[PDB]
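Raw coords-v8.csv, CSV, C-alpha atoms and all ligand atoms:
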```csv
chain,number,residue,atom,x,y,z
A,1,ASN,CA,6.0,22.8,6.2
A,2,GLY,CA,9.6,23.1,5.0
A,3,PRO,CA,9.2,23.3,1.3
A,4,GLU,CA,6.5,26.0,1.4
A,5,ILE,CA,8.5,28.2,3.7
A,6,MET,CA,11.6,27.5,1.5
A,7,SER,CA,9.7,28.4,-1.7
A,8,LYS,CA,9.5,32.0,-0.4
A,9,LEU,CA,12.0,34.8,-1.2
A,10,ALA,CA,14.7,35.8,1.3
A,11,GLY,CA,13.0,37.7,4.1
A,12,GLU,CA,9.6,36.2,3.4
A,13,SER,CA,10.5,32.8,4.7
A,14,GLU,CA,11.7,34.3,8.0
A,15,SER,CA,8.7,36.6,8.3
A,16,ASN,CA,6.2,33.8,7.7
A,17,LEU,CA,8.0,31.6,10.2
A,18,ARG,CA,7.9,34.3,12.9
A,19,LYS,CA,4.3,35.1,12.2
A,20,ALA,CA,3.2,31.5,12.9
A,21,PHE,CA,4.9,31.6,16.3
A,22,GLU,CA,3.3,34.9,17.2
A,23,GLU,CA,-0.1,33.7,16.2
A,24,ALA,CA,0.3,30.6,18.3
A,25,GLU,CA,0.8,32.8,21.4
A,26,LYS,CA,-2.2,34.9,20.5
A,27,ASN,CA,-4.3,31.8,20.2
A,28,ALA,CA,-2.6,29.9,23.1
A,29,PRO,CA,-2.9,27.1,24.0
A,30,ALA,CA,-1.6,26.1,20.6
A,31,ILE,CA,0.5,23.5,18.8
A,32,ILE,CA,2.9,24.5,16.0
A,33,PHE,CA,3.5,21.5,13.7
A,34,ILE,CA,6.5,21.9,11.3
A,35,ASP,CA,6.5,19.2,8.6
A,36,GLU,CA,9.7,18.3,6.8
A,37,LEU,CA,11.8,19.8,9.5
A,38,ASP,CA,14.9,18.7,7.5
A,39,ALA,CA,13.8,20.9,4.6
A,40,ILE,CA,13.1,24.1,6.6
A,41,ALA,CA,16.1,23.7,8.9
A,42,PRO,CA,18.7,21.3,7.3
A,43,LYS,CA,22.1,20.8,9.0
A,44,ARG,CA,24.0,24.0,8.7
A,45,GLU,CA,27.3,22.0,8.2
A,46,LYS,CA,25.6,20.5,5.2
A,47,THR,CA,24.6,23.7,3.4
A,48,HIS,CA,26.5,26.6,1.8
A,49,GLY,CA,24.3,29.7,1.5
A,50,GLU,CA,23.7,32.4,4.1
A,51,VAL,CA,19.9,32.2,3.7
A,52,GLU,CA,19.8,28.5,4.5
A,53,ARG,CA,21.9,29.1,7.7
A,54,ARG,CA,19.8,32.1,8.5
A,55,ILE,CA,16.5,30.3,8.6
A,56,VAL,CA,18.0,27.7,10.9
A,57,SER,CA,19.1,30.5,13.3
A,58,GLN,CA,15.6,32.0,13.0
A,59,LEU,CA,14.0,28.8,14.0
A,60,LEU,CA,16.5,28.2,16.8
A,61,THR,CA,15.8,31.5,18.5
A,62,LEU,CA,12.0,31.1,18.0
A,63,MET,CA,12.2,27.8,19.8
A,64,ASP,CA,14.0,29.4,22.7
A,65,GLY,CA,11.3,32.1,22.8
A,66,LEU,CA,8.9,29.4,23.9
A,67,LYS,CA,9.9,30.1,27.5
A,68,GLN,CA,7.9,33.4,27.1
A,69,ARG,CA,5.1,32.2,24.8
A,70,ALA,CA,3.0,30.5,27.5
A,71,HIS,CA,1.2,27.2,26.6
A,72,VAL,CA,2.7,26.7,23.2
A,73,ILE,CA,4.2,23.4,22.1
A,74,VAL,CA,6.1,23.0,18.8
A,75,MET,CA,5.9,19.6,17.2
A,76,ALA,CA,7.9,18.6,14.1
A,77,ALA,CA,8.1,15.7,11.7
A,78,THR,CA,11.1,14.4,9.7
A,79,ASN,CA,12.0,11.2,7.9
A,80,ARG,CA,15.3,10.7,9.7
A,81,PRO,CA,16.1,12.0,13.2
A,82,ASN,CA,19.7,12.7,12.1
A,83,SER,CA,18.8,14.8,9.0
A,84,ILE,CA,18.2,18.0,11.0
A,85,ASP,CA,20.6,20.6,12.5
A,86,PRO,CA,21.8,19.1,15.8
A,87,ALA,CA,21.2,22.4,17.6
A,88,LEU,CA,17.4,21.8,17.4
A,89,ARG,CA,17.7,18.7,19.6
A,90,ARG,CA,19.7,20.4,22.4
A,91,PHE,CA,18.1,20.9,25.9
A,92,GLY,CA,15.1,23.0,25.5
A,93,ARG,CA,13.8,23.4,21.9
A,94,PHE,CA,13.1,19.8,20.7
A,95,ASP,CA,14.2,18.0,23.8
A,96,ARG,CA,11.7,15.1,23.2
A,97,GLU,CA,11.3,12.9,20.2
A,98,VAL,CA,9.2,9.8,19.4
A,99,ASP,CA,10.0,7.1,16.9
A,100,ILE,CA,6.9,6.3,14.9
A,101,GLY,CA,8.3,3.9,12.4
A,102,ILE,CA,6.2,1.5,10.4
A,103,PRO,CA,3.1,-0.4,11.8
A,104,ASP,CA,3.4,-4.1,12.2
A,105,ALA,CA,0.9,-6.8,11.3
A,106,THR,CA,-1.2,-5.9,14.3
A,107,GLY,CA,-1.0,-2.2,13.6
A,108,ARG,CA,-1.9,-2.7,10.0
A,109,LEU,CA,-5.0,-4.7,10.9
A,110,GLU,CA,-6.0,-1.9,13.3
A,111,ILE,CA,-5.6,0.6,10.5
A,112,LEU,CA,-7.7,-1.5,8.1
A,113,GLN,CA,-10.4,-1.8,10.8
A,114,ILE,CA,-10.4,2.0,11.4
A,115,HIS,CA,-10.8,2.8,7.7
A,116,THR,CA,-13.6,0.3,7.4
A,117,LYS,CA,-15.7,1.6,10.3
A,118,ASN,CA,-18.5,2.7,7.9
A,119,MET,CA,-18.1,-0.1,5.4
A,120,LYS,CA,-20.4,-3.1,5.3
A,121,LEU,CA,-18.1,-6.1,4.9
A,122,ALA,CA,-19.2,-9.5,3.5
A,123,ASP,CA,-18.6,-12.7,5.5
A,124,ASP,CA,-15.7,-13.6,3.2
A,125,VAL,CA,-13.7,-10.5,4.1
A,126,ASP,CA,-10.6,-11.3,6.2
A,127,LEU,CA,-8.7,-8.1,7.2
A,128,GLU,CA,-6.2,-10.1,9.2
A,129,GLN,CA,-5.2,-12.0,6.1
A,130,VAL,CA,-4.9,-8.6,4.3
A,131,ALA,CA,-2.7,-7.2,7.1
A,132,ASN,CA,-0.4,-10.2,6.8
A,133,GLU,CA,-0.1,-9.7,3.0
A,134,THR,CA,0.4,-6.0,3.1
A,135,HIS,CA,4.1,-6.0,4.1
A,136,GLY,CA,5.8,-2.7,3.5
A,137,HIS,CA,2.5,-0.8,3.6
A,138,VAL,CA,1.9,2.2,5.8
A,139,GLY,CA,-1.4,3.9,6.9
A,140,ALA,CA,-1.4,6.0,3.7
A,141,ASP,CA,-1.4,2.8,1.7
A,142,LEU,CA,-3.9,0.8,3.9
A,143,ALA,CA,-6.4,3.7,3.7
A,144,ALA,CA,-6.1,3.6,-0.1
A,145,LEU,CA,-6.9,-0.1,-0.1
A,146,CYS,CA,-10.1,0.4,1.9
A,147,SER,CA,-11.3,3.2,-0.3
A,148,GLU,CA,-10.5,1.3,-3.4
A,149,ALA,CA,-12.4,-1.8,-2.2
A,150,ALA,CA,-15.4,0.4,-1.3
A,151,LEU,CA,-15.4,2.0,-4.8
A,152,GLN,CA,-15.3,-1.4,-6.6
A,153,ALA,CA,-18.3,-2.5,-4.6
A,154,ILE,CA,-20.1,0.7,-5.5
A,155,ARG,CA,-19.3,0.4,-9.3
A,156,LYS,CA,-20.4,-3.3,-9.5
A,157,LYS,CA,-23.8,-2.9,-7.8
A,158,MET,CA,-24.9,0.6,-7.1
A,159,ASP,CA,-24.2,2.1,-10.6
A,160,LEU,CA,-26.8,-0.3,-12.0
A,161,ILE,CA,-29.4,1.0,-9.4
A,162,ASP,CA,-28.6,4.8,-8.9
A,163,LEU,CA,-28.6,7.8,-11.3
A,164,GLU,CA,-25.4,9.6,-12.5
A,165,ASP,CA,-26.0,12.4,-9.9
A,166,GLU,CA,-24.6,13.7,-6.5
A,167,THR,CA,-27.5,12.3,-4.2
A,168,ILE,CA,-28.0,8.6,-3.4
A,169,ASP,CA,-30.8,6.9,-1.4
A,170,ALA,CA,-29.7,5.7,2.0
A,171,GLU,CA,-31.2,2.2,1.5
A,172,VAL,CA,-29.2,1.5,-1.7
A,173,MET,CA,-26.0,2.6,0.1
A,174,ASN,CA,-26.7,0.3,3.1
A,175,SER,CA,-27.6,-2.6,0.8
A,176,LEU,CA,-24.0,-2.8,-0.5
A,177,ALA,CA,-21.4,-5.2,0.9
A,178,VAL,CA,-17.7,-5.2,0.1
A,179,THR,CA,-16.4,-8.6,-0.7
A,180,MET,CA,-12.9,-10.1,-0.4
A,181,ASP,CA,-12.4,-9.9,-4.1
A,182,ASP,CA,-12.7,-6.2,-3.9
A,183,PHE,CA,-9.9,-6.0,-1.3
A,184,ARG,CA,-7.7,-8.4,-3.2
A,185,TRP,CA,-8.2,-6.3,-6.3
A,186,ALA,CA,-7.1,-3.2,-4.4
A,187,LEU,CA,-4.0,-5.1,-3.2
A,188,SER,CA,-3.0,-5.8,-6.8
A,189,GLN,CA,-3.3,-2.1,-7.6
A,190,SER,CA,-1.4,-0.7,-4.6
A,191,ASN,CA,2.3,-0.8,-4.0
A,192,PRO,CA,4.0,-0.5,-0.6
A,193,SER,CA,5.6,2.9,0.0
A,194,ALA,CA,7.9,1.7,2.8
A,195,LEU,CA,9.2,-1.8,1.8
A,196,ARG,CA,12.9,-1.4,2.4
A,197,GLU,CA,12.9,0.3,5.8
A,198,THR,CA,13.4,-1.9,8.9
A,199,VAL,CA,10.2,-2.7,10.8
A,200,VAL,CA,10.2,-3.2,14.5
A,201,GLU,CA,7.4,-5.3,16.0
A,202,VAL,CA,6.4,-7.4,19.0
A,203,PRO,CA,6.7,-10.9,17.6
A,204,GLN,CA,3.9,-13.5,17.8
A,205,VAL,CA,6.3,-16.4,18.3
A,206,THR,CA,5.8,-18.3,21.6
A,207,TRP,CA,7.7,-21.1,23.2
A,208,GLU,CA,5.4,-23.8,21.8
A,209,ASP,CA,6.5,-22.8,18.3
A,210,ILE,CA,10.0,-24.1,18.9
A,211,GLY,CA,10.8,-27.8,18.8
A,212,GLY,CA,13.5,-29.2,21.0
A,213,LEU,CA,16.0,-26.9,22.8
A,214,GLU,CA,14.1,-27.3,26.1
A,215,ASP,CA,17.1,-26.1,28.2
A,216,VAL,CA,17.9,-23.1,25.9
A,217,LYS,CA,14.3,-21.8,26.3
A,218,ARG,CA,14.6,-21.9,30.0
A,219,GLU,CA,18.1,-20.4,29.9
A,220,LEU,CA,16.8,-17.3,28.0
A,221,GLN,CA,14.1,-16.8,30.7
A,222,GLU,CA,16.9,-16.8,33.3
A,223,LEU,CA,19.0,-14.4,31.3
A,224,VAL,CA,16.2,-12.0,30.3
A,225,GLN,CA,13.4,-12.2,32.9
A,226,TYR,CA,15.0,-13.0,36.2
A,227,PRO,CA,17.2,-9.8,36.4
A,228,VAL,CA,13.9,-7.7,36.5
A,229,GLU,CA,11.5,-10.2,38.1
A,230,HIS,CA,13.8,-11.0,41.0
A,231,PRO,CA,16.2,-8.0,41.3
A,232,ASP,CA,16.6,-8.4,45.1
A,233,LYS,CA,18.3,-11.8,44.6
A,234,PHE,CA,20.8,-10.4,42.1
A,235,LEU,CA,21.6,-7.5,44.5
A,236,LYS,CA,21.7,-9.9,47.5
A,237,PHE,CA,24.4,-12.1,45.8
A,238,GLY,CA,26.3,-9.2,44.1
A,239,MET,CA,25.8,-10.8,40.7
A,240,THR,CA,26.0,-8.6,37.6
A,241,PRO,CA,23.3,-9.7,35.0
A,242,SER,CA,24.6,-10.5,31.5
A,243,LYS,CA,23.7,-8.0,28.8
A,244,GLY,CA,23.3,-10.6,26.1
A,245,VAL,CA,24.0,-14.0,24.6
A,246,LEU,CA,25.4,-15.2,21.3
A,247,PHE,CA,24.0,-18.3,19.5
A,248,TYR,CA,26.1,-20.4,17.2
A,249,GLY,CA,25.5,-23.6,15.2
A,250,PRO,CA,24.0,-24.7,11.9
A,251,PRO,CA,21.4,-22.6,10.2
A,252,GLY,CA,17.7,-23.3,10.4
A,253,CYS,CA,17.6,-24.6,14.0
A,254,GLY,CA,15.5,-21.9,15.6
A,255,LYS,CA,17.9,-19.1,16.4
A,256,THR,CA,15.4,-16.5,15.3
A,257,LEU,CA,12.5,-18.1,17.1
A,258,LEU,CA,14.5,-18.2,20.4
A,259,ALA,CA,15.0,-14.4,20.3
A,260,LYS,CA,11.4,-13.8,19.3
A,261,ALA,CA,9.9,-16.2,21.8
A,262,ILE,CA,11.5,-14.5,24.8
A,263,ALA,CA,10.5,-11.1,23.3
A,264,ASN,CA,6.9,-12.3,23.0
A,265,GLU,CA,6.5,-13.5,26.6
A,266,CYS,CA,8.2,-10.3,27.8
A,267,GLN,CA,5.9,-8.2,25.5
A,268,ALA,CA,9.0,-6.6,24.1
A,269,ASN,CA,9.8,-5.2,20.7
B,1,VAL,CA,-17.2,-43.6,-51.8
B,2,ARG,CA,-17.4,-40.1,-50.3
B,3,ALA,CA,-20.2,-37.5,-50.7
B,4,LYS,CA,-19.3,-34.6,-53.1
B,5,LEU,CA,-19.2,-31.1,-51.6
B,6,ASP,CA,-22.3,-29.1,-52.7
B,7,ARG,CA,-21.2,-25.7,-54.0
B,8,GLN,CA,-24.7,-24.3,-53.4
B,9,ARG,CA,-24.3,-21.7,-56.1
B,10,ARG,CA,-26.3,-18.6,-55.2
B,11,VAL,CA,-26.4,-15.0,-56.3
B,12,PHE,CA,-27.5,-12.2,-54.0
B,13,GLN,CA,-28.5,-8.5,-54.3
B,14,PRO,CA,-27.6,-6.5,-51.2
B,15,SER,CA,-30.4,-4.2,-50.0
B,16,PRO,CA,-29.3,-0.6,-49.0
B,17,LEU,CA,-31.8,-0.8,-46.1
B,18,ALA,CA,-29.4,-3.1,-44.2
B,19,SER,CA,-27.0,-0.1,-43.7
B,20,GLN,CA,-29.6,2.3,-42.1
B,21,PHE,CA,-29.3,2.1,-38.3
B,22,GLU,CA,-29.0,4.8,-35.6
B,23,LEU,CA,-27.3,4.2,-32.2
B,24,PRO,CA,-28.7,4.9,-28.7
B,25,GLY,CA,-27.4,8.1,-27.0
B,26,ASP,CA,-25.8,6.0,-24.2
B,27,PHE,CA,-24.1,3.7,-26.8
B,28,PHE,CA,-20.6,5.2,-26.1
B,29,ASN,CA,-20.9,5.1,-22.3
B,30,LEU,CA,-19.0,2.1,-21.1
B,31,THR,CA,-20.1,0.1,-17.9
B,32,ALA,CA,-18.2,-0.8,-14.7
B,33,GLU,CA,-17.5,-4.3,-16.0
B,34,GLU,CA,-16.2,-3.1,-19.4
B,35,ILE,CA,-13.9,-0.5,-17.7
B,36,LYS,CA,-12.6,-2.8,-15.0
B,37,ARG,CA,-12.1,-5.6,-17.6
B,38,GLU,CA,-10.1,-3.2,-19.9
B,39,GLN,CA,-7.9,-2.1,-17.0
B,40,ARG,CA,-7.3,-5.8,-15.9
B,41,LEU,CA,-6.3,-6.6,-19.5
B,42,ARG,CA,-3.8,-3.7,-19.4
B,43,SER,CA,-2.3,-5.0,-16.1
B,44,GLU,CA,-2.2,-8.6,-17.4
B,45,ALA,CA,-0.5,-7.5,-20.7
B,46,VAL,CA,2.2,-5.7,-18.7
B,47,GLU,CA,2.6,-8.8,-16.4
B,48,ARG,CA,2.8,-11.2,-19.4
B,49,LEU,CA,5.6,-9.1,-20.8
B,50,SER,CA,7.3,-9.3,-17.4
B,51,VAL,CA,7.0,-13.1,-16.8
B,52,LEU,CA,10.1,-15.2,-17.0
B,53,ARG,CA,9.0,-18.5,-18.8
B,54,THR,CA,10.3,-21.2,-21.0
B,55,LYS,CA,9.3,-21.9,-24.7
B,56,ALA,CA,7.0,-24.8,-23.6
B,57,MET,CA,4.7,-22.5,-21.6
B,58,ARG,CA,4.7,-19.9,-24.5
B,59,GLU,CA,3.6,-22.6,-27.0
B,60,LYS,CA,0.8,-24.0,-24.7
B,61,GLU,CA,-0.9,-20.6,-24.9
B,62,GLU,CA,-0.2,-19.9,-28.6
B,63,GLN,CA,-1.4,-23.4,-29.7
B,64,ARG,CA,-4.9,-22.6,-28.4
B,65,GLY,CA,-5.8,-20.8,-31.8
B,66,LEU,CA,-4.8,-23.7,-34.2
B,67,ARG,CA,-7.9,-26.1,-34.8
B,68,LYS,CA,-11.2,-24.2,-35.7
B,69,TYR,CA,-11.8,-24.5,-39.5
B,70,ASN,CA,-11.6,-27.0,-42.5
B,71,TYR,CA,-14.1,-25.4,-45.0
B,72,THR,CA,-14.7,-22.0,-46.6
B,73,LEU,CA,-17.5,-19.8,-48.1
B,74,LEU,CA,-16.3,-17.6,-50.9
B,75,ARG,CA,-18.1,-14.5,-52.3
B,76,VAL,CA,-17.3,-12.6,-55.5
B,77,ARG,CA,-18.3,-8.9,-56.1
B,78,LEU,CA,-19.3,-8.4,-59.7
B,79,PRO,CA,-19.2,-5.1,-61.7
B,80,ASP,CA,-23.0,-5.2,-62.2
B,81,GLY,CA,-23.7,-5.0,-58.5
B,82,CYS,CA,-24.5,-8.8,-58.0
B,83,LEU,CA,-22.7,-11.0,-55.4
B,84,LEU,CA,-21.9,-14.6,-56.3
B,85,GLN,CA,-21.4,-17.1,-53.4
B,86,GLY,CA,-20.4,-20.8,-53.2
B,87,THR,CA,-18.9,-23.4,-50.8
B,88,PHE,CA,-15.4,-24.8,-51.1
C,301,LIG,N1,13.7,-25.6,16.3
C,301,LIG,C1,12.7,-25.3,15.4
C,301,LIG,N2,11.4,-25.6,15.7
C,301,LIG,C2,10.5,-25.3,14.8
C,301,LIG,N3,10.7,-24.7,13.6
C,301,LIG,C3,11.9,-24.3,13.3
C,301,LIG,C4,13.0,-24.6,14.2
C,301,LIG,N4,14.2,-24.1,13.6
C,301,LIG,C5,13.8,-23.6,12.4
C,301,LIG,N5,12.5,-23.7,12.2
C,301,LIG,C6,11.8,-23.2,11.0
C,301,LIG,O1,12.7,-22.7,10.1
C,301,LIG,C7,12.5,-21.4,9.7
C,301,LIG,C8,13.8,-20.6,9.6
C,301,LIG,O2,14.2,-20.3,11.0
C,301,LIG,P1,15.3,-19.2,11.2
C,301,LIG,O3,15.8,-19.3,12.7
C,301,LIG,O4,14.8,-17.9,10.7
C,301,LIG,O5,16.5,-19.7,10.3
C,301,LIG,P2,17.8,-18.8,10.0
C,301,LIG,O6,18.9,-19.4,10.8
C,301,LIG,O7,18.1,-18.9,8.5
C,301,LIG,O8,17.4,-17.4,10.5
C,301,LIG,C9,11.5,-20.8,10.6
C,301,LIG,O9,10.4,-20.1,10.0
C,301,LIG,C10,10.9,-22.0,11.4
C,301,LIG,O10,9.6,-22.2,11.0
```

Will you turn the file into C-alpha cells for me?
Ligand SMILES: Nc1ncnc2c1ncn2[C@@H]1O[C@H](COP(=O)(O)OP(=O)(O)O)[C@@H](O)[C@H]1O
Amino acid sequence: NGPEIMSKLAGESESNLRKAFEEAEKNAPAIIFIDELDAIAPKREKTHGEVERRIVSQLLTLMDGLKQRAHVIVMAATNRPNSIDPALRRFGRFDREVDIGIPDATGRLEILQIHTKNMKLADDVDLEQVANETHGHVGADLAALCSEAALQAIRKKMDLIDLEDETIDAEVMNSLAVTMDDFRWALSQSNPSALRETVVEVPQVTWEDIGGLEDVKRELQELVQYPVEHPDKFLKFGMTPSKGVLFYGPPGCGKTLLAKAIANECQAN
Amino acid sequence: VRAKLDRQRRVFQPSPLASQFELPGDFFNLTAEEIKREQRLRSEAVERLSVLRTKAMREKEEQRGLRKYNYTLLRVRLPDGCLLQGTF
C-alpha cells in the first residue's frame, strides 16, 4: 500500500518495494496488489522532490522486470484512473484496467444477501427494500448494516439468556431471528460513503413503463438494435448507422424513460 | 355551597431506618434496552435541534406539560426534629 511504503525513509521505501517483487518471483505464481497506487506513484509532473520521482521510476522498472519474473501479475487499486503517473499505463506494465465503480440496486441486494448467509432473518425482513433505500452505499457500508442488525438482535434476546462470557450454546444462537426493525435501525446509524459519485447501472425501466410515444419507442429500437441485430442489411444497402439521437420538448414527458427502456431491453448500462 | 378543604393537620417523626438500604452488585450494569434507548434519545435530540419547523409545531409539543395539578401538600421542618404537614 502506498502510504505505508511512503512512510519509510529514503532508501527504505525503494528497498521494501523491490523485496516484494523478488518475493513474488520466489513464490510464483503470485499476485502483487498495490493499494493506493496514486499515493505510492503519484504523477511525477505533479510532485517536486527527487524521492517522490525516484519511487515512481523504481516501480516503473520493476513492472518492466515482470517479463523475467515468470507467472507474476501485479494488480493495483486507485480511486481515480487519472491520478497516477501516465507511464504506469503504457503498453506492458499496467496495460489492463477495470472500472469497479459503485454497485447498483441489484448489486447492493446481492451484497446484503452475501453478508446475511449465516443470519436467520424474520419473515418481515425485506432486503430488496433496503437495497433500494441504501443509495450511495458501497459494500463496506452494506456489510456494516448486516452486522449491526445482527448485533441488535443479539442484545435484545440473547443477552437475557446467555452469560457475559466468550462461549454461547448453539441452540440459543440458532433460536435468534433478525427483524426488519433491526435493519432499519442500522440504516439510521449508517451514512453512505459514496453518495456524490456517479453510479452506472442497467436500468429496470421497460417499454410498458412509458405511456404514449408508441412510434418513438419503435424508432429507438430501429436506431439502437437493428445496426447489430441485422448488420448484413446495413452493409448490403451501404447505410451508415446513426451514432445517437437528441430529444427535445417539454420536461416530464418521458425522455429519461426512453433512454432507459432501450438500455433495459438491450441489457446495457 | 361548596365543601371546605380539609387541611388534615398531621405531625410526623421520620425513622432513621428508612435510609438504610444496600444496592445489588449488578445495580450499575445497564441493559440492552436502557443503552439503546439512551442512544436513540441522543440521536433524536440532535435531530430535533436540526429540524426546520414553525412556532405552531414547537408549541404543540411544549403545551403537553401544562395541565396536571390544582392542589398542593406542604410540609414544614421544625427545629425540634418534627415534620408538620397539611393540604392547601
Ligand atoms: N410518458 C411517460 N409515461 C409515464 N411516466 C412518465 C412519462 N413521462 C414522465 N413520467 C414520470 O415523470 C417522472 C420524471 O420523468 P423524467 O423523464 O425524469 O423527467 P425529466 O425531463 O425532468 O428528466 C418519471 O419518474 C416518470 O415516472

Handout entry: Proximal residues of chain B relative to chain A (all atoms listed in the file; 10 Å) as a list in words
Key = residues 31, 32, 33, 36, 40 and 43 of chain B

Would you put the residues from that selection into a file with C-alpha atoms, as a PDB file, in the coordinates of the input?
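This is the output file again_6.pdb:
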```pdb
ATOM      1  CA  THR B  31     -20.100   0.100 -17.900  1.00  0.00           C
ATOM      2  CA  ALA B  32     -18.200  -0.800 -14.700  1.00  0.00           C
ATOM      3  CA  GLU B  33     -17.500  -4.300 -16.000  1.00  0.00           C
ATOM      4  CA  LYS B  36     -12.600  -2.800 -15.000  1.00  0.00           C
ATOM      5  CA  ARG B  40      -7.300  -5.800 -15.900  1.00  0.00           C
ATOM      6  CA  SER B  43      -2.300  -5.000 -16.100  1.00  0.00           C
TER       7      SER B  43
END
```

Exercise for the section: For CA of residue 158 (chain A) and CA of residue 146 (chain A), determine how far apart the two atoms are, in Å to one decimal place. Expected result: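 Value for the CA of residue 158 (chain A)-CA of residue 146 (chain A) distance: 17.3 Å.
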
Per residue of chain A within 12 Å of ligand LIG 301 (chain C), record the nearest atom pair and its distance in Å to one decimal, counting all atoms listed in the file, with rows in chain order and ascending residue number, as JSON lines.
```
{"residue": "A:205", "atom": "CA", "partner": "C:LIG301", "partner_atom": "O10", "distance": 9.9}
{"residue": "A:206", "atom": "CA", "partner": "C:LIG301", "partner_atom": "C2", "distance": 10.8}
{"residue": "A:207", "atom": "CA", "partner": "C:LIG301", "partner_atom": "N2", "distance": 9.5}
{"residue": "A:208", "atom": "CA", "partner": "C:LIG301", "partner_atom": "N2", "distance": 8.7}
{"residue": "A:209", "atom": "CA", "partner": "C:LIG301", "partner_atom": "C2", "distance": 5.9}
{"residue": "A:210", "atom": "CA", "partner": "C:LIG301", "partner_atom": "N2", "distance": 3.8}
{"residue": "A:211", "atom": "CA", "partner": "C:LIG301", "partner_atom": "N2", "distance": 3.8}
{"residue": "A:212", "atom": "CA", "partner": "C:LIG301", "partner_atom": "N1", "distance": 5.9}
{"residue": "A:213", "atom": "CA", "partner": "C:LIG301", "partner_atom": "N1", "distance": 7.0}
{"residue": "A:214", "atom": "CA", "partner": "C:LIG301", "partner_atom": "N1", "distance": 10.0}
{"residue": "A:216", "atom": "CA", "partner": "C:LIG301", "partner_atom": "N1", "distance": 10.8}
{"residue": "A:217", "atom": "CA", "partner": "C:LIG301", "partner_atom": "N1", "distance": 10.7}
{"residue": "A:247", "atom": "CA", "partner": "C:LIG301", "partner_atom": "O6", "distance": 10.1}
{"residue": "A:248", "atom": "CA", "partner": "C:LIG301", "partner_atom": "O6", "distance": 9.7}
{"residue": "A:249", "atom": "CA", "partner": "C:LIG301", "partner_atom": "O6", "distance": 9.0}
{"residue": "A:250", "atom": "CA", "partner": "C:LIG301", "partner_atom": "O6", "distance": 7.4}
{"residue": "A:251", "atom": "CA", "partner": "C:LIG301", "partner_atom": "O6", "distance": 4.1}
{"residue": "A:252", "atom": "CA", "partner": "C:LIG301", "partner_atom": "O5", "distance": 3.8}
{"residue": "A:253", "atom": "CA", "partner": "C:LIG301", "partner_atom": "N4", "distance": 3.5}
{"residue": "A:254", "atom": "CA", "partner": "C:LIG301", "partner_atom": "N4", "distance": 3.2}
{"residue": "A:255", "atom": "CA", "partner": "C:LIG301", "partner_atom": "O3", "distance": 4.3}
{"residue": "A:256", "atom": "CA", "partner": "C:LIG301", "partner_atom": "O3", "distance": 3.8}
{"residue": "A:257", "atom": "CA", "partner": "C:LIG301", "partner_atom": "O3", "distance": 5.6}
{"residue": "A:258", "atom": "CA", "partner": "C:LIG301", "partner_atom": "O3", "distance": 7.9}
{"residue": "A:259", "atom": "CA", "partner": "C:LIG301", "partner_atom": "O3", "distance": 9.1}
{"residue": "A:260", "atom": "CA", "partner": "C:LIG301", "partner_atom": "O3", "distance": 9.7}
{"residue": "A:261", "atom": "CA", "partner": "C:LIG301", "partner_atom": "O3", "distance": 11.3}
```

Handout entry: Length of the CA of residue 195 (chain A) to CA of residue 122 (chain A) vector [Å]
Key =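 We find that CA of residue 195 (chain A) and CA of residue 122 (chain A) lie 29.5 Å from each other.
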
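The closest residue to residue 99 (chain A), picked from A:112, A:24, A:199, A:186 and counting all atoms listed in the file, is A:199.
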